[PDB]
């Protein structure tokens, strides 16, 4: 549980090390069941307000079912199509005429029962709401009369809460075309999810992990609507399987590196691209460019490999030797020098240029460091905030070791007269190759 940060002065970048991986590589699918009541509208002599409250709920219930049935025949398309084929496969099995009865019968005596789908692709089925049993046990005998009979209020509220979960579930499937992510607590109770985690083909270690990061598991799960057939409402919930565990992860931070010439329009800049999370995965490195695809629970990084590029392990060389032959490190160039700061795990990178007031302060002691023009780094030890111009940033107070790797800023190795100063995506090699070829045109002349 030990974090480490290295800051490379030569490239104006920092690496936060010591994290452990939890990369999603597979899916576990479960069928969630809602037993429903098949009742067609029935009109009897009703004036008792209590009977009028049922009529209100009973109609909401009707509309919800029909609205769900209408979402099924409408073939909504989702951007999630690439990630739900394993779950969509289970939905299609449930369509076959045999299969719904096999679930409905397998779940008569319990709330949870393993079921075979005849593939036999075997699922774990859940009954989370039993409105059929409810309506039939306490409601229909009352309103199966020539004149509506008078129920009682406690039964009304017990119904409203039960029905409230239905309506909210339909509302979520409706606005999202039968595919939602994260999986809301209406789709799956925190208790229900923990029960679901306890009955999977994973080690007791993996159960503890998913049980301790319940919130992250939801955010990386999918809920898929299947069918309303034979008094049953079934939807498949797709849960992540983390096949990459305890492999090194590190986060890369970058800031602009510019020369500090006093003259207007005389400065060149470069920045390392591909900031984000890197984790070892199957002899390669999984890179997550997008911010927030990965979730962190202390020391551990939960990511979906679907949001990643695969790079050779040689990519790490860009942090110790950026001019190397093996990997084409990547940079963008410019002449844009605005002061900025990046809050790292254990400190802050500060790129100060021009007349900007860049400083680092301690709440009790005041300013404890003033940054000069250039790219610099400050540990979070004894530091509370960093200020760039009129902007103030809080420094993370996580405990760990910071290592400041001293080195000449590489930007000083370039002749500003021939520098390609507007590259949006260029290797060190492309830039170098490109300067050597432009210097020959001047050589002959």
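Residue numbers count along the first chain shown, from 1.
Higher average CA B factor: 140-148, of the stretches 253-261 and 140-148. Averaged over their C-alpha atoms, the temperature factors of 33-41 and 412-420 are higher for 33-41. Each of 191, 290, 362, 119 has a CA temperature factor in the record; the biggest one is found at 119.
The PDB entry gives the largest Cα B-factor of the residues 168, 97, 246, 280 to 97.
When all modelled residues of the chain are sorted by CA temperature factor, residue 130 is found within the highest third. Among all modelled residues in its chain, residue 327 ranks in the middle third by Cα B-factor. For residue 213, the recorded CA B-factor ranks within the middle third of the chain. Only modelled residues enter the ranking. In the deposited entry, the Cα temperature factor of residue 369 places it in the lowest third of its chain's modelled residues. Residue 229 sits in the highest third of its chain by CA B factor, as recorded in the PDB entry.
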